[PDB]
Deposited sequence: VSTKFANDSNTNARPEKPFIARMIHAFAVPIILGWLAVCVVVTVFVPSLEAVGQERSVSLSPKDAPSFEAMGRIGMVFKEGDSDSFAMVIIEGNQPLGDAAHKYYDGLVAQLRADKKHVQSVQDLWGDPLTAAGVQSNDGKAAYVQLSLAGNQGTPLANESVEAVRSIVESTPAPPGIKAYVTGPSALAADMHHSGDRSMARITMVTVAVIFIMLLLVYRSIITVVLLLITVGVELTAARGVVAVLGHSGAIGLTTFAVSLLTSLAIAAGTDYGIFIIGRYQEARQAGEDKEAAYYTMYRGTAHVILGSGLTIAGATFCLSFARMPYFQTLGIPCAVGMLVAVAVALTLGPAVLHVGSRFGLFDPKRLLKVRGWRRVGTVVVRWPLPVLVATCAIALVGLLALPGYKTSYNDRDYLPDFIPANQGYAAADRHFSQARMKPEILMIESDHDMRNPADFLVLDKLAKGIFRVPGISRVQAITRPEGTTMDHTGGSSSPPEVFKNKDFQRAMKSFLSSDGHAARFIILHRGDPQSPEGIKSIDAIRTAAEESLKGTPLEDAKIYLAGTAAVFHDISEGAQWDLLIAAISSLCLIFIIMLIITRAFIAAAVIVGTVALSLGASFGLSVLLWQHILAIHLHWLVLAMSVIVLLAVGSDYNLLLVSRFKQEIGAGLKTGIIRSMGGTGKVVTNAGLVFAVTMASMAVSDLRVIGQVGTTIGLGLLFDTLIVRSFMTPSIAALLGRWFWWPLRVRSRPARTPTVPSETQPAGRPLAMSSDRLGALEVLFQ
């Protein structure tokens, strides 16, 4: 049989090749590059409704010192204690920063005031810092401009002998994280292609087959990136360096797998003695629906990230979904089109005997004694959960970026003279309906300041009652500057600057937020300000919300993918139990991938998994893993008729070597992503790589065939099979 779509591609193979090449030229020439669209289309890094985000907005609004949740800190360092010379350099620097209304919304200049200069100067005396409020939220294009605008001002200013200035803060780190991610795109792709080229050269032993196979992936990659770039450039979507980095590797990985499936089946047909024309249709009948089904799965699975609350995940759905739909559409049309035209010159014929005795013998054992094989593989798959009790996620973006990026250089300058908490302060603001500048309420400020200072895990609290941050009149001139700094001009609100002991990013720091809020309420209970409203802001408060949010949206991403992938597999295969088995088996194996990844990173390498790793990697593992099952199961439906058991053996031989090669290519492609500067994306890369190695070696080869052998005809319910 010759399906209609196959005939059309066969008849118009040539222009289909030109049609996609012309499209590649258009998106390459008339559309800015994806790594350049992301920079002008990046998304804010915190959900608009997070209590930390809105609290940070209120504190800025009430104190009239900005509207964004973005702040940057300028550290001044010297080889000797900072004298008057540093002050002149500092004083001029602050005035210059104030003049830039566009980017620097406010400069909380404390070091220039003797009444509070010692509050920011290092105990060593050789360093000091100033906090800047920047325009635009963290990670947005405006914030990256503001950070650069501040950074250039610091660089252009002439420093005294031996003094140096660095710019840091969450916004600076986010700006540098984006640049590092894009800067490393070329290295990831060059390594990926170079490794894949060498691997495919061993599998086929023919350079032309590899060259044409990789060229087709280039068209899929260039068209997928080109289409996503058009959307971003038009303002339709938000982007992040994770989406660009993840999209690029998925297109290369998935795009190559479709090429391996297409050639793998075509070459198998030629071994059977089929003519070039008949072999091409045999390839289409056997893999056209598998590629489409394995394509809608990755597009659908990644799209389920759009239900997550974190912008890191929410913005990751559509760009990957559109990227995979475009890559798949090319693979289904350019693939068979290139295969046919190549066949006209006899380029894609197999170079070596495609032996099958290896997998038929494996399939015979699995099918003859399926229950023991099922039990052994389930235990191996489940034993990965032994790493769950010791699994500790991390939120410190510093540790997952190069040591030399400017934000990290400035941070390292702070650690040399300050405690690690000084660059990540915590602000608590109480707002009421009364003017609190009266002395009676100041006692409550003293009470709450001590009470908040009583919470474990805090080092320092600054306020009107504690100008220096530790325990030691309305008319003194010096006090007036403090009054307008720690009290709102209206007097209805006051704020306390709190410093933890130890990095607030740590789970210990996150635990402090709840204690701080409870302590604040306890201190104010039975006081005139008992009805006040408490707002908390800063890194500890930010990641208290992210930690809670990152949990549920891992569940939503995982559960939604299972529901969606099952629906796709149910439609593709038309069999209920087969659809459940295809994805159910991969769901169990997630424990093996989680165990392998935690063991490699947290234990062997002593680097905790970033909080983004599991949600991003779980989506791909379910998607790609089910595709390999779909390829295998879709072959069962063909070979059945010769026997429910003998069909599994025959299909195992045909699809055995094909999936193994395709499995390793995808695993290595995601593993090569560890070359990125962003260690967060490298952890995702090897987390997916390790899982797909497990899926291709155990899930598809020993678990799925054993379940099919066990269930018999019920594996194909409600289809009538004998």
Unmodelled stretches of the deposited sequence, numbered from 1? 1 to 15, 488 to 498, 749 to 783
